[PDB]
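All remarks here apply to the structure that follows.
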Ligand code: HEM
Ligand code: HEM
Ligand code: HEM
Ligand code: HEM
Ligand code: FES
């Protein structure tokens, strides 16, 4: 006789995934965010479906439909604001996950790191396309600006922006295409996340100390299932606080206005999670330089495995690198704050300095600090 | 040091699922349909997305949006009719696949068979919700009839029906939720097809002779890749002939009329691939009995691995069983034709006899005949 | 990496694969021109410019 | 299920030739037509009768609909 | 081998033709549809504008700017700071029309719509980052580094005009 | 043989195979489009718009 | 009860690779312009679709300019008239759908944008229904204001006989006999239902030739690769 | 004809000006914004609205 959990192929995959997977016993709370992302994803999908069941995708009846969701559908406002704030929770967990990967040297797992970068790209694309769907003033003008950025591409720029627009501006065609891509993309994200977990399992998780945890391993089920359950409950508490008490805290009030193409908002800004890159593109004067810096701000995560030079994988035993990492985090928050602020002195100078310092830390200060680090330990 | 094809994890899965998979050397052309359905699935998804980018799931604009797709979108008509006739081809290949499984005793694979039944049910649901989207006369009234079917279930009944309707009857809300469910479902179908292949691979495949083919397995890539490519080319030939020469061959003309709820079309029939169920519906006078028979017609495939009594897996060496199976197929076409025709004296009795025969062959004639054959062959 | 790949045998391998890689790049260029229907290039090749 | 532990054989020899040495259509019509005719002869006596009786039933029902449809002299 | 691979080569050529003529179908579907391919022929007319009045309509999904150039600008602004003005341009270079200058409604600094009849002169003041525009569309003060691009004004007979 | 020369001049290398396929498709698209359009116009001569633009 | 199915007429486009006779399309549009548009409506097609099919660009813009079309709000919010443009759909004779029934006996004229593709039978029906009017047979009295047409289901149409010989004058100068008018308007309605008809047939020709080329070659490739197994010769030599 | 009838419960709030352009014309030229979302569409909410009306 065979145990069904270890013999049934479906239960075999589940067992090797998160039942008897050997995981380090000393992984901190910062790892829970991984599961949270998946949890958020699942929640998002559910809410997304219940939003797609009352949302037309026509310019004439987009915004009104959303109001019909909030004002007429039984328990509709809860689903709508659950989606809106779950997007912010998703991005909070995504940023914390990226920070954890940077800190404890989890980017040394190359394939998982690259798959994660692809997942990041897809998640930002999906969220941007989703924000257009309510067809508020902010959605329309943000889509207009972002797609107008693509006109800076040489030779094939204007054709590309006209093509994506499905015309000559953001209109019914663009809204419908954005709805379709917003629908399909999260399933691609799910497949990519499955691939991410697959690549991760062939090497096992990395502990905070960086040293291989092969000698000290515990089964995933009796410990980390309940630990991730507690993490999911805490994230649910925070998300529900946002939804029930300040639903439009992380939301521009201008979005609650029909998208009028004949009147711009006095201030145009993306959502908060998109500001860190947005301000970066604001720093570079050249239009194509802005696009290149925008793509580099995220693609620079690819160079992390190559730029690593310290003999130790993790950062628990590298104080100077720790100060550098927290400098980078503070700089990211600086860029996020600046992006929302209008372009004007002194924000131009501070934004330029913040972007320059970000790139300097990522490419120069960290490897040089690691090389200095090695000498202090006689290696 | 090792080939990437069988060392890289994703490459290893692809290798031992499509390249180096040992398959029987004598699988006939019928087995090719297993590939075609999957290709059809992709052709259903990839084309379907491009309709979602110009389709607005609103009662006031759904039909107008579809006409806009077919008349104003560049090559939109190709996408629309490719999608419709590809769904028809999907059902053709699905029925042929079920026939192959039933004939050459494939239902001994149990898990794969049940997963296939679930996939079949999901596909019928997907097509049902799909037909409603153009919001034609036949779309609207077929949706009305099929949803009103569920009123026959005891107790819950009308409450469940109105829950599906999102109101007192089919309306804008019903159209929107049908569109959303239609969008989500095929990805669930894709995951279920992956599970189907996973279950199938553990045991291999059933060759036409029905005997174990472990002594004649051949690598998949050199032979069956090109064989299934030829099959897909043939399926493309048939599908493209249908699309480009008689686009509305398998389609009611009245669907080109905007859905007017104040006029019942003279004929109310579902799509051609549902009639065999609908005819069974027409056979049973009792509404609850009719719905139970309708679901049992498809559910009977689960009983097949329990109803097989012949000591021979395949049907290749069993003449009377072959005659019974072909009588069953002819009964299926008879049911389709009867469902197509209205309900009068010439057709009512034929429908009753056809339904009784369809159940009798599966549940009674086939097992008793297998006993007769076993006795006749000295075992 | 900066010096391990810089070797006489590696340089010879580069020379060996220069024809293959270069005409693979030519393959890609011609395929891109054909796929995008690049008029700026296709306007010069005879009997193909008649398409426009 | 991968190659290596499929089954056990002994004293079985398989001769084969390169695909570049044989003709991909060796006696396509000389031997193919007799084989197709033999297969049709073997299968038709079992496959045809249900479809021919289906055709009879279809024609009978289609004609039955009209005369029940037709005018009754009264 | 040449014959056997010639079969494969001809197959691949046919498949390449089919693949191009299949992917191009979808790509062209994702381009602008025929209904929005009826553009750039707006039949607006100039008989609703004297000097200073500044109607703006919709065209190609963007605002356009129909304004009677004021009796001042036609004579002075054609030579007001013609040296640099942050961009070199003469008034009738903008439009052959000497009384019905027309522009596009995208302020050429970041992407916006300058509200009409405002600014230190009063032509077009961009609500976003200030950047007033002259009544003929010129930029003198403001973060805006370039002037409004003028759409191809296919002015028809009499009042009726065509932009684009 | 012509076929042998074609093989061991332009078929042996898979990259040369790809270049041959690319150029062959480049010419075949034009040839096939021209031929099919000419045939289709021949079948429906006088029934297409291009055959009656001269009148109006 | 009973209904009379329309006979299969020998249409010019009936052929497998045939195209709509676009001159007849132009004449049929004329017929719709001065006969059917008076009470019947067509929406999904516009003057823009006429170019490159039956009318040249100048003729199409003149046709659009002839009619008067309601526009958006005025400088104070009025409903000002405007000469139609190429981007204007064909005007609807009756503003609200109920007004069409009110003007008629009570049955609204169906839109012809899909009437060929929505009626079971196709052009043969729409043609014959026009050229099928006859005096009612004895024993079946029709209501006042109703008309007997065998092909129309129910045999009781609300049409005044629309097409009769010498109703309109074709620009070409072909005779205006009732059969000619019916045939040309039926061809135009078929074009209206399926604008891509000619392009569909052209692509179908291309597909037929391409598959007749590819399928033998891919079958040859399959035979080539499988010939290792279809020519293998087994042997058994037990000790 | 587009006749007249007393409003019922299901009916939405009345709209004084037929088209928004008529609304602009009736006033100096500005558009009175819809009040269904004013509080949560303007930075400040009820505080801003109260200050605007009484300030
Ligand atoms: C779609 C969102 C994502 C999901 C659902 C996801 C899922 C997961 C999960 C569940 C884990 C295991 C738990 C953990 O260690 O955190 C994990 C690990 C990891 N993920 Fe992600 N991830 C996502 C995005 C990313 C991103 C953006 C990156 C960085 C580019 C990334 C890189 C990693 C790395 C390096 C690990 C291993 C961490 C370690 O072993 O300590 N992931 N991922
Ligand atoms: C990857 C996970 C997802 C993210 C991050 C995401 C993000 C967003 C965001 C930010 C919005 C704008 C909300 C607002 O402005 O009020 C939105 C709206 C929407 N999303 Fe998603 N979404 C996700 C998944 C889905 C899925 C799977 C669906 C479809 C089932 C979906 C359907 C919608 C719809 C219909 C809207 C419009 C309703 C609205 O804007 O409130 N979303 N999404
Ligand atoms: C399981 C495979 C699928 C089947 C069997 C299926 C079936 C159908 C059918 C029968 C129609 C009606 C077509 C017509 O009457 O003209 C339809 C329409 C539609 N389907 Fe699907 N579908 C499938 C997959 C998809 C997918 C994956 C999507 C989304 C990407 C999708 C989106 C649509 C849309 C938007 C329409 C309306 C377009 C139209 O009017 O034809 N379908 N589908
Ligand atoms: C969503 C549609 C389906 C897809 C994409 C699918 C996919 C496949 C594929 C690719 C194969 C291997 C090729 C073959 O053996 O023919 C297969 C085998 C099989 N499928 Fe399906 N299938 C589908 C529906 C079904 C249904 C409805 C059933 C029956 C309930 C079923 C039962 C089987 C069985 C028994 C086999 C094994 C046949 C054999 O290898 O001898 N499948 N399926
Ligand atoms: S966009 Fe008008 S000034 Fe910046």
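Protein chains in written order, with UniProt numbering: chain X, 1 to 379; chain F, 1 to 379; chain G, 1 to 52; chain B, 3 to 76; chain L, 111 to 274; chain H, 5 to 60; chain Z, 87 to 325; chain R, 164 to 218.
Heads up, the beta-carbon is just placed ideally off N, CA and C, and yes, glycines get one too.
Please identify, using Cβ separations under 9 Å, the residues of the region 173 to 189 of chain R that lie next to chain Z, in order along the chain. 180, 181, 182, 183, 184, 185, 186, 187, 188, 189
By the DSSP assignment, the beta strand (DSSP E) with residue 169 of chain L in it spans what residues? 166 to 169
Since residue 273 of chain L sits in a beta bridge, which residues does DSSP pair it with? L/263
Residues in the same chain with beta-carbon distance under 6 Å from residue 397 of chain F, minus the five sequence neighbours each way, listed in chain order, please. Because chain F in this structure spans residues 1 to 379, residue 397 of chain F falls outside the shown range and cannot be described.
Residues in its own chain within less than 8 Å of residue 149 of chain L by CB, not counting five upstream and five downstream? 169, 170, 274
At the 9 Å Cβ level, is residue 144 of chain L part of the contact set with chain F, yes or no? yes
Would you say the beta carbon of residue 193 of chain F is closer than 8 Å to some non-hydrogen atom of ligand 4? yes
Looking at the C-beta of residue 31 of chain H, does it have a partner C-beta in chain Z at a distance below 9 Å? no
Let me see if you follow: with CB-CB separation under 9 Å, is residue 195 of chain L close to chain H or not? no
Taking only beta carbons into account, state which residues of the region 141 to 174 of chain F come closer than 9 Å to chain X, listed in chain order. 166, 172, 173
Hey, is residue 55 of chain X's beta-carbon within less than 9 Å of any beta-carbon in chain R? no
Taking just the CA atoms, how far does residue 275 of chain X sit from residue 84 of chain X? 17 Å
Give me the chain C residues within the contact set of residue 304 of chain Z, using Cβ-Cβ distance strictly less than 9 Å, ordered along the chain. Of the protein chains in the structure, X, F, G, B, L, H, Z and R, none is chain C.
Quick check on residue 240 of chain X: does DSSP put it in helix, strand or coil? helix
Looking at C-alpha atoms only, which residue of F/199, F/135, F/377 is the closest neighbour of residue 172 of chain F? F/135
If you measure beta-carbon to beta-carbon, which residues of the region 272 to 287 of chain Z are closer than 8 Å to chain L? none
Three CB pairs or more closer than 8 Å across the region 196 to 213 of chain F and the region 290 to 300 of chain Z: no
CA-to-CA distance, residue 14 of chain X to residue 1 of chain X, given in whole angstroms: 20 Å
By Cβ distance, which residues of its chain are closer than 7 Å to residue 166 of chain L, with the 5 residues on each side in sequence left out? 173, 174, 175, 176, 215, 226
Buried or exposed: residue 366 of chain X, going by 16 or more other Cβ atoms within 10 Å of its Cβ? buried
Thinking C-beta only, is residue 102 of chain X closer than 9 Å to residue 80 of chain X? no
DSSP-derived helix/strand/coil call for residue 219 of chain X: strand
Could you check if residue 39 of chain F is buried or exposed, using at least 16 other CB atoms within 10 Å of its CB as the buried criterion? buried
Run the proximity test for residue 97 of chain X: is its beta-carbon closer than 8 Å to any non-hydrogen atom belonging to ligand 1? yes
Looking at the unbroken beta strand (DSSP E) that takes in residue 168 of chain Z, where does it start and where does it end? 165 to 169
Exposure of residue 146 of chain X, with buried meaning 16 or more beta-carbon neighbours within 10 Å: buried
Presumed contact (8 Å Cβ cut-off) between residue 201 of chain L and residue 246 of chain L, rounded CB distance: 6 Å
Check each residue's C-beta against every heavy atom of ligand 5 and list, in chain order, those closer than 5 Å. L/217, L/219, L/220, L/222, L/236, L/238, L/239, L/241, L/254
Cβ-Cβ separation, residue 106 of chain X to residue 228 of chain X (assumed contact under 8 Å), whole Å: Not quite, the Cβ-Cβ distance comes to about 17 Å (not below 8 Å), so this is no contact.
On a Cα-Cα basis, can you pick out the residue from F/315, F/164, F/268, F/349 that is closest to residue 254 of chain F? F/268
So who's on the other strand from residue 178 of chain L, going by DSSP bridges? L/161
From Z/273, Z/286, Z/156, Z/228, pick the residue whose C-alpha is nearest to that of residue 213 of chain Z; which is it? Z/273
Taking residue 71 of chain F as the query, report the chain X residues whose CB atoms sit under 9 Å from its CB, ordered along the chain. Per Cβ cutoff of 9 Å: no residues; residue 71 of chain F is ~15 Å from chain X at best.
Are there any heavy atoms of ligand 3 lying less than 8 Å away from the beta-carbon of residue 131 of chain F, as far as the coordinates show? yes
Same chain, Cβ closer than 8 Å to residue 120 of chain X, neighbours up to 5 away in sequence not counted: 94, 98, 298, 301
Using DSSP bridges, identify the partner residues of residue 154 of chain Z. Z/169
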